[PDB]
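Take a look at the letters that make up each chain.
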Amino acid sequence: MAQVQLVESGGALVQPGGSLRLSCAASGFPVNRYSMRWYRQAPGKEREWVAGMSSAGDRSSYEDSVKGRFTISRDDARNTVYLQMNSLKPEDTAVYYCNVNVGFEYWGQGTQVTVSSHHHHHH
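By the method listed in its record, solution NMR, this PDB entry was determined.

Going by the PDB entry, the protein carries the name Anti-GFP Nanobody and comes from synthetic construct. The deposited entry bears the title "GFP Nanobody NMR Structure".

Below is the structure:
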């Protein structure tokens, strides 16, 4: 089969504050050849871009509002796309899917993530 496969993981029920690092395994399709399309859509609400880079692999794109919160990157040696998540928020509760266009429409699915509210640690 001459078809690429996308692996989306990292999105799950996590606690508020701290930091999260999502990953995306590639299959049949080179990660150091094109950029990784990142997007997020809340339940009931419309979808909104989270990260977008160029196939060239020069620099990433992110609004001045989202900047310094979410960045897109990938490694050729490991062949995987990483997604840094800083300054987590409560509205983060949503799904994150990927998309790639290399000769044929190829898109993953979308990982759901949950951010609990303020609470006390566990002793």
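Take the nonpolar core next. If you look at the biggest cluster of nonpolar residues, it comprises 25 residues, and the most contacted ones within it are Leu-6, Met-36, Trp-38, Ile-72, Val-81, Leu-83 and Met-85. Contributing elements (two or more residues each) for this core: β3 (20-27), β5 (47-53), β7 (70-75), β8 (80-85), β9 (94-101) and β11 (111-115). The contacts of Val-81, once residues within four sequence positions are left out, are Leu-22, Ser-23, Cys-24, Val-31, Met-36, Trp-38, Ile-72, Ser-73 and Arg-74.

So, about the environment of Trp-107. Tracing the sequence through the fold places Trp-107 in strand β10 (residues 105-107). Among the residues examined, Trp-107 registers a relative accessible area of 54% and is labelled exposed. Taking the C-alpha atoms as reference points, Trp-107 and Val-4, separated by 103 residues in sequence, lie 9.6 Å from one another. With residues near it in sequence (within four places) discarded, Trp-107 still touches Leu-6, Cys-98, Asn-99 and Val-100.

A few words on the state of the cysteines. Joining two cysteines, a disulfide is a covalent bond between their sulfur atoms. Scanning the model with the defined rule gives 0 disulfides in all. Between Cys-24, a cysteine without a disulfide, and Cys-98, which holds the nearest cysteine sulfur, the sulfur-to-sulfur distance is 4.1 Å. When its relative accessible area of 1% is taken as the criterion, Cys-98 is described as buried.

This brings us to the pairing of β7. Relative to β8, β7 runs antiparallel, the two sharing 6 bridges. Counterpart to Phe-70 in the pairing with β8 is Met-85. Hairpin connection from β7 to β8: 4 residues lie between these consecutive antiparallel strands, with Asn-79 at a positive phi of about 65°.

Let us now look at the sheet that holds β8. Read from one edge of the open sheet, 4 strands run β1-β3-β8-β7, paired in antiparallel fashion. Strands with a single pairing partner mark the edges of an open sheet, and in this sheet they are β1 (5-9) and β7. Taken over all neighbouring pairs, the strand axes of this sheet differ in orientation by 20° on average, direction set aside. Where β1 lies against β3, 5 bridges are found, and the strand directions are antiparallel. The partner of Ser-9 across the bridge, within β3, is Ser-23.

What counts and what doesn't
Residues numbered from 1 in each chain as written, not as in the entry; some residues may be left out. Heavy atoms only, no water. Core = buried A, V, L, I, M, F, W, Y, C linked by side-chain atoms within 4.5 Å. Buried < 20%, exposed > 50% of the residue type's maximum accessible area, 1.4 Å probe, protein only. Helix = DSSP H or I, 4+ residues; strand = E, 2+ residues; numbered from the N terminus. Contact = heavy atoms within 4.5 Å. Disulfide = S-S within 2.5 Å. Pairing = 2+ DSSP bridges. Axes fitted to C-alpha atoms, helices over the stretch in contact; angles between N-to-C directions.

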